[PDB]
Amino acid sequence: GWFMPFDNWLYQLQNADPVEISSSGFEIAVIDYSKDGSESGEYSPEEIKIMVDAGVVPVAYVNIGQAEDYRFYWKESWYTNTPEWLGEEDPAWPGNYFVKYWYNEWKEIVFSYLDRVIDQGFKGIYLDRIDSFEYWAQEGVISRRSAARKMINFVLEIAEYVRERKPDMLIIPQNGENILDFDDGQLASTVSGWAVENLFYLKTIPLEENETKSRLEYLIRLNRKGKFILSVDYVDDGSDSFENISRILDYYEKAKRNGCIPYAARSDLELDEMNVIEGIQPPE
């Protein structure tokens, strides 16, 4: 039934090696735009073309809902003279900061990041912290509809920007899929696909059946429209215990039965390795 145009995928945000990935057998790889996150680690065009040459589609992670204090755009002056749009540090991810993504200064930061990513030769972008719209709504800073509309429009503007230069660029948001409650249909046509974390499992622990089914409502609808879905659940505890590999198999089977292409990732959340599991990932 399902639209499933990739056989597998890779999510690796630290220590990604183009050579390793080239000959792994993963068809699409979502990595960072730099080897350590910093400006000086930026992959060269050559390093990215290794993957392209091998038939892998490389895609760049870009966080559009938080500022990250190690990136090329961060300024020392923000500590002493803090912009309005720069907010509190994320308790769960030190060095990340919620931003008022609707302010021009932020949007233009992100556009300047997409500029580097286009020049490097990446073939999609993977957009994290769509869910910042929920954060600001919940802080009571702006209304939820206002937040949702602003984030939708920002993703639309992101799409316009990169497709002016690279018309077939893939666009994959991560989470915040319920933002589609406020879409008129344009966002759902504009993306190539959507990615989610924690659909069947929160690390090693399975989720209530209704929570899962709620998310799937959005994803199923997007699948029927020709958009692929990448799942990543953080299910591999690192052992080759029975309990562990049973869980991996269970996650793989639930993913594929609902049109989600799975990647079982380490329970540590570090996404620091290529993460192969003998005759499961990649698949036979």
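Start at 1 with the first residue shown and count on from there.
In this entry, 206-214 shows the higher mean Cα temperature factor of the pair 206-214 and 84-92. Stretches compared: 50-58, 222-230. Higher mean C-alpha B-factor in the entry: 50-58.
Among the modelled residues of the chain, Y33 sits in the lowest third by CA temperature factor in this PDB entry.
Sorting the modelled residues of the chain by their CA temperature factor places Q66 in the lowest third.
Placement of the Cα temperature factor of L10 within the chain: lowest third of the modelled residues, per the deposited record. Ranked within its chain, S143 lands in the lowest third, by CA B factor from the PDB record.
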